[PDB]
$ cat input-v5.tsv   # TSV, C-alpha atoms (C1' of nucleotides)
chain	number	residue	atom	x	y	z
A	466	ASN	CA	-9.31	-17.31	32.39
A	467	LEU	CA	-11.42	-18.73	29.56
A	468	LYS	CA	-9.34	-16.80	27.04
A	469	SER	CA	-6.08	-18.18	28.45
A	470	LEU	CA	-7.43	-21.72	28.02
A	471	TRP	CA	-7.80	-21.26	24.26
A	472	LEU	CA	-5.32	-20.86	21.41
A	473	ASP	CA	-4.95	-17.21	20.36
A	474	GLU	CA	-7.13	-16.36	23.38
A	475	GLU	CA	-10.13	-17.23	21.21
A	476	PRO	CA	-12.86	-19.28	22.98
A	477	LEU	CA	-14.97	-21.43	20.66
A	478	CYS	CA	-18.49	-22.88	20.69
A	479	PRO	CA	-19.03	-26.45	19.45
A	480	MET	CA	-19.91	-25.28	15.92
A	481	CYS	CA	-16.81	-23.13	15.47
A	482	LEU	CA	-14.69	-25.92	16.96
A	483	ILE	CA	-15.96	-28.15	14.15
A	484	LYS	CA	-15.12	-25.28	11.80
A	485	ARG	CA	-11.52	-25.12	13.03
A	486	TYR	CA	-11.15	-28.91	12.93
A	487	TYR	CA	-12.78	-29.28	9.51
A	488	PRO	CA	-9.68	-28.38	7.43
A	489	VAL	CA	-7.58	-31.16	8.98
A	490	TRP	CA	-10.49	-33.57	8.54
A	491	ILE	CA	-10.69	-32.79	4.81
A	492	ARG	CA	-6.89	-32.99	4.78
A	493	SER	CA	-6.98	-36.56	6.11
A	494	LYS	CA	-9.95	-37.47	3.90
A	495	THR	CA	-8.59	-36.11	0.60
A	496	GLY	CA	-4.92	-35.30	1.16
A	497	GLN	CA	-5.86	-31.80	-0.01
A	498	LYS	CA	-5.78	-28.32	1.54
A	499	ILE	CA	-6.48	-24.86	0.11
A	500	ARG	CA	-3.35	-23.28	-1.38
A	501	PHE	CA	-3.98	-19.82	0.06
A	502	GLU	CA	-4.59	-20.16	3.79
A	503	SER	CA	-5.33	-16.61	4.98
A	504	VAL	CA	-6.59	-13.42	3.34
A	505	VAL	CA	-3.01	-12.16	3.52
A	506	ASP	CA	-1.86	-15.04	1.30
A	507	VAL	CA	-4.43	-13.89	-1.23
A	508	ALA	CA	-3.56	-10.20	-0.77
A	509	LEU	CA	0.14	-10.80	-1.46
A	510	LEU	CA	-0.71	-12.22	-4.90
A	511	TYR	CA	-0.98	-8.59	-6.02
A	512	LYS	CA	1.57	-7.94	-8.79
A	513	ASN	CA	3.30	-11.17	-7.73
A	514	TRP	CA	4.70	-9.28	-4.73
A	515	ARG	CA	5.31	-12.30	-2.49
A	516	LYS	CA	6.84	-14.33	-5.32
A	517	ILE	CA	9.23	-11.51	-6.21
A	518	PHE	CA	10.12	-10.97	-2.54
A	519	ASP	CA	10.69	-14.66	-1.77
A	520	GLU	CA	13.06	-15.09	-4.71
A	521	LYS	CA	14.99	-12.01	-3.62
A	522	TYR	CA	14.67	-11.96	0.18
A	523	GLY	CA	12.74	-15.11	1.13
A	524	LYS	CA	15.63	-17.20	2.43
A	525	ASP	CA	17.14	-14.41	4.53
A	526	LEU	CA	13.83	-13.43	6.14
A	527	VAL	CA	12.96	-16.95	7.30
A	528	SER	CA	16.45	-17.21	8.81
A	529	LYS	CA	16.07	-13.99	10.80
A	530	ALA	CA	12.51	-14.96	11.70
A	531	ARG	CA	13.60	-18.23	13.32
A	532	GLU	CA	16.41	-16.34	15.06
A	533	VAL	CA	13.72	-14.37	16.89
A	534	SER	CA	11.64	-17.48	17.60
A	535	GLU	CA	11.41	-21.02	16.24
A	536	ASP	CA	7.62	-20.71	16.51
A	537	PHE	CA	7.67	-18.17	13.67
A	538	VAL	CA	8.90	-20.75	11.16
A	539	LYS	CA	7.18	-23.93	9.95
A	540	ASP	CA	8.21	-26.07	6.96
A	541	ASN	CA	10.89	-23.54	5.95
A	542	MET	CA	8.20	-20.84	5.79
A	543	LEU	CA	6.72	-18.17	8.05
A	544	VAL	CA	3.97	-19.59	10.28
A	545	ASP	CA	1.85	-16.56	9.34
A	546	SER	CA	2.05	-14.56	6.11
A	547	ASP	CA	1.43	-11.34	8.05
A	548	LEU	CA	5.11	-11.60	8.99
A	549	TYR	CA	5.86	-10.05	5.61
A	550	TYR	CA	4.57	-6.80	7.10
A	551	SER	CA	6.99	-4.82	9.26
A	552	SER	CA	4.17	-3.61	11.52
A	553	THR	CA	3.48	-7.20	12.60
A	554	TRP	CA	7.01	-7.45	14.02
A	555	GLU	CA	6.70	-4.08	15.75
A	556	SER	CA	3.39	-4.78	17.51
A	570	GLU	CA	14.44	-7.13	20.80
A	571	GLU	CA	17.63	-6.72	18.78
A	572	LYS	CA	16.70	-9.70	16.61
A	573	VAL	CA	13.36	-8.03	15.86
A	574	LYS	CA	15.02	-4.78	14.79
A	575	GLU	CA	17.13	-6.74	12.31
A	576	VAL	CA	13.98	-8.04	10.63
A	577	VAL	CA	12.16	-4.69	10.37
A	578	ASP	CA	15.20	-2.96	8.87
A	579	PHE	CA	15.50	-5.82	6.38
A	580	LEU	CA	11.81	-5.62	5.43
A	581	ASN	CA	11.92	-1.83	5.02
A	582	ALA	CA	14.98	-2.15	2.79
A	583	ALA	CA	13.14	-4.60	0.54
A	584	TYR	CA	10.06	-2.36	0.37
A	585	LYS	CA	12.09	0.54	-1.01
A	586	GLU	CA	13.36	-1.82	-3.70
A	587	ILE	CA	10.33	-3.81	-4.87
A	588	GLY	CA	7.49	-1.79	-3.35
A	589	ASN	CA	5.39	-1.95	-0.20
A	590	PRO	CA	3.42	-5.17	0.33
A	591	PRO	CA	-0.29	-5.16	-0.60
A	592	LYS	CA	-2.44	-4.90	2.53
A	593	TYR	CA	-5.83	-4.98	0.84
A	594	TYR	CA	-7.74	-7.90	-0.68
A	595	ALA	CA	-11.10	-8.29	-2.40
A	596	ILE	CA	-14.21	-10.27	-1.53
A	597	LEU	CA	-16.30	-11.24	-4.53
A	598	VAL	CA	-19.88	-12.46	-4.20
A	599	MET	CA	-22.10	-13.12	-7.21
A	600	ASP	CA	-25.71	-14.20	-7.68
A	601	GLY	CA	-28.18	-14.75	-10.52
B	1	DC	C1'	-1.64	76.39	-33.67
B	2	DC	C1'	-4.74	71.74	-35.30
B	3	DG	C1'	-5.37	66.16	-34.79
B	4	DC	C1'	-4.75	61.62	-32.03
B	5	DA	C1'	-6.14	59.42	-27.17
B	6	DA	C1'	-3.68	50.94	-27.82
B	7	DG	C1'	-3.61	45.71	-29.14
B	8	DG	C1'	-2.53	40.77	-28.94
B	9	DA	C1'	0.32	37.07	-27.31
B	10	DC	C1'	0.72	34.50	-22.61
B	11	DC	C1'	-4.12	33.17	-20.02
B	12	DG	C1'	-0.89	28.76	-14.10
B	13	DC	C1'	2.19	25.15	-16.52
B	14	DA	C1'	5.20	21.07	-14.28
B	15	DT	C1'	6.57	18.47	-9.89
B	16	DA	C1'	5.09	16.79	-4.98
B	17	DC	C1'	-0.42	15.25	-5.24
B	18	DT	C1'	0.10	10.76	2.06
B	19	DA	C1'	3.41	7.85	5.08
B	20	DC	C1'	3.44	5.34	9.23
B	21	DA	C1'	2.81	3.77	13.71
B	22	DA	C1'	-0.33	2.96	17.48
$ encode --input "input-v5.tsv" --output "C-alpha cells"
Amino acid sequence: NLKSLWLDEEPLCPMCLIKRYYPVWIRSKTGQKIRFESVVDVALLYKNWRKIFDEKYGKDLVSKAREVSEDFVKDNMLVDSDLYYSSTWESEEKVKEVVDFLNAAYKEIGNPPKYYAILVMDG
DNA sequence: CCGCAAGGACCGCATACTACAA
C-alpha cells in the first residue's frame, strides 16, 4: 500500500524527497536545469547515436509513442529516453508498430548504446 | 653382376569471432 501511494512505487524519506524536489527548486531559482537528465541521455551521446536517430526517425517515433499513450510524450519528446530501446516497449498493436520501427532503424544506423561511464577523480 | 637407398616449398590462412529477451 505504501508503494501504491508513491510515484513509480518508490517510497521516499524526507531527505530523498528534498533530493527529488531540489531540481525544480534550482529551476525556479536560476531558470536552469541539467541538459542530460538520466544516464540514458548521457549513454546515447555515444557516436552521436541519438542525434542521428532523431534527424532520421525522431518525428515518426514520437508520433507512434503518443499513439500508444499520451503519457509517453512531453514537449514533443519522449518522457523517458529509455523509450529509444525496443526492450523498454516490450517489458498492443500500437506497441508492435514501435518495436518494428525501432528494430528497422537499428539495422540501419546501429544498435543504441546501453552503457555509460562514471568518472571519479581525486588528488 | 656391382653401386645407390630423398629434399624443400607449403607450415592453417580468411570469414563468422554473440544476439536477444526475460
$ atom_distance --input "input-v5.tsv" --atom1 "atom CA of residue 522 of chain A" --atom2 "atom CA of residue 579 of chain A"
8.8 Å
$ interface_residues --input "input-v5.tsv" --of "chain B" --to "chain A" --cutoff "12 Å" --atoms "only C-alpha atoms (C1' of nucleotides)" --output "number ranges by chain"
B: 19-22
$ atom_distance --input "input-v5.tsv" --atom1 "atom CA of residue 540 of chain A" --atom2 "atom CA of residue 527 of chain A"
10.3 Å
$ residues_around --input "input-v5.tsv" --residues "residue 519 of chain A" --least-positions-apart "5" --cutoff "12 Å" --atoms "all atoms listed in the file" --output "MDAnalysis selection string"
chainID A and resid 509 513:514 524:527 541:543 546 549 580 583 587
$ atom_distance --input "input-v5.tsv" --atom1 "atom CA of residue 551 of chain A" --atom2 "atom CA of residue 578 of chain A"
8.4 Å
$ build_atoms --input "input-v5.tsv" --residues "segment 537-555 of chain A" --atoms "N, CA and C atoms" --output "compact mmCIF listing (two decimals), keeping the file's coordinate frame"
# COMPACT_ATOMS: atom_id res chain seq x y z
N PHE A 537 8.02 -19.02 14.80
CA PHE A 537 7.67 -18.17 13.67
C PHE A 537 7.88 -18.87 12.34
N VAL A 538 8.57 -20.02 12.38
CA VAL A 538 8.90 -20.75 11.16
C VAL A 538 8.36 -22.18 11.19
N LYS A 539 7.69 -22.57 10.11
CA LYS A 539 7.18 -23.93 9.95
C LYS A 539 7.31 -24.38 8.50
N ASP A 540 7.95 -25.53 8.30
CA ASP A 540 8.21 -26.07 6.96
C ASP A 540 8.97 -25.08 6.08
N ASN A 541 10.04 -24.51 6.64
CA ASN A 541 10.89 -23.54 5.95
C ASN A 541 10.11 -22.32 5.45
N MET A 542 9.01 -22.01 6.12
CA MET A 542 8.20 -20.84 5.79
C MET A 542 7.67 -20.17 7.05
N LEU A 543 7.31 -18.90 6.94
CA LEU A 543 6.72 -18.17 8.05
C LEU A 543 5.40 -18.81 8.46
N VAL A 544 5.18 -18.95 9.77
CA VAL A 544 3.97 -19.59 10.28
C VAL A 544 2.73 -18.77 9.91
N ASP A 545 2.92 -17.46 9.76
CA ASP A 545 1.85 -16.56 9.34
C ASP A 545 2.38 -15.59 8.29
N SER A 546 1.61 -15.40 7.22
CA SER A 546 2.05 -14.56 6.11
C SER A 546 2.01 -13.07 6.45
N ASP A 547 1.44 -12.73 7.60
CA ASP A 547 1.43 -11.34 8.05
C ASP A 547 2.82 -10.91 8.51
N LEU A 548 3.74 -11.88 8.60
CA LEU A 548 5.11 -11.60 8.99
C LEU A 548 5.92 -10.99 7.85
N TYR A 549 5.27 -10.81 6.70
CA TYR A 549 5.86 -10.05 5.61
C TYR A 549 5.67 -8.55 5.83
N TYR A 550 4.78 -8.20 6.75
CA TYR A 550 4.57 -6.80 7.10
C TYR A 550 5.44 -6.41 8.29
N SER A 551 6.11 -5.27 8.19
CA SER A 551 6.99 -4.82 9.26
C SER A 551 6.23 -4.49 10.54
N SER A 552 5.00 -3.99 10.38
CA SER A 552 4.17 -3.61 11.52
C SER A 552 3.84 -4.80 12.42
N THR A 553 3.77 -5.99 11.84
CA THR A 553 3.48 -7.20 12.60
C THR A 553 4.61 -7.49 13.59
N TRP A 554 5.84 -7.22 13.18
CA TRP A 554 7.01 -7.45 14.02
C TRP A 554 7.12 -6.38 15.11
N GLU A 555 6.63 -5.19 14.81
CA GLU A 555 6.70 -4.08 15.75
C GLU A 555 5.68 -4.23 16.87
